[PDB]
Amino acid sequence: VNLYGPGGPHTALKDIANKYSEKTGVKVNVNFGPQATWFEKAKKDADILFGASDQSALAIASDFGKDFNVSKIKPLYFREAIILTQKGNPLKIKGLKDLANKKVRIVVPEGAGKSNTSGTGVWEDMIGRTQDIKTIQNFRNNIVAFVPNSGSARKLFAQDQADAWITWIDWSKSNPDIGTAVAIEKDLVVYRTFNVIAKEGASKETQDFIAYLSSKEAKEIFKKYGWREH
């Protein structure tokens, strides 16, 4: 069974795929990274596309045309956005409003229309919930880079220069050695989903693996990386 999707969820998926192979003897390959890196191979043998948000999964599945029926995207888990600071949070960042109010350098997970990426719209949806244009302006004025989430990359953009990144909890859980996670205000934070879509006319082994993704053993592994159901 061949899976394709963004770096990020791949950490949990590799753990799950390995465990699944132990149990069933069915080979499950987890291919991951920026879409451009695997798009041509996926055109030839993709059984399942996985995604790290709905809007990005929709865009990516829409690039395959007839191979995939975009209405069949299945949300399975969600997780929260976080602030990731330098180790030990030296600036004592307490949330998004604090980021707006301090003289800090922020990186946000935007692709600027050049790629499909899970973070599109996240920073604005959260800071917008302050309903204060000055807060929104101040936060934006502190943004030094608009670049897609690191995903499967262990390096952060501007690692030695920026003070904070807007990213996903599962990135921090997958990379405990990089940065310090700071929780976003509950009244502001957004949650986005992990999803899958099986190709049209998918095999029984493909369907069986999709079902496994909702098994107790899979739920356990997803939870370890910060993915939630309720």
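Numbering starts at 1 and runs along the sequence shown.
Two stretches are in play, 69-77 and 137-145, and the higher mean C-alpha B-factor belongs to 69-77. In this entry, the higher average B-factor at the C-alpha atoms falls on 151-159, of the pair 151-159 and 93-101.
When the modelled residues of the chain are ordered by their C-alpha B factor, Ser56 lands in the lowest third.
Split the chain's modelled residues into thirds by C-alpha temperature factor. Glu185 is in the lowest one. In the PDB entry, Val28 places in the highest third of its chain by CA B-factor. In the deposited entry, the Cα temperature factor of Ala164 places it in the lowest third of its chain's modelled residues. Per-chain ranking of the deposited C-alpha B factor places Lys43 in the highest third.
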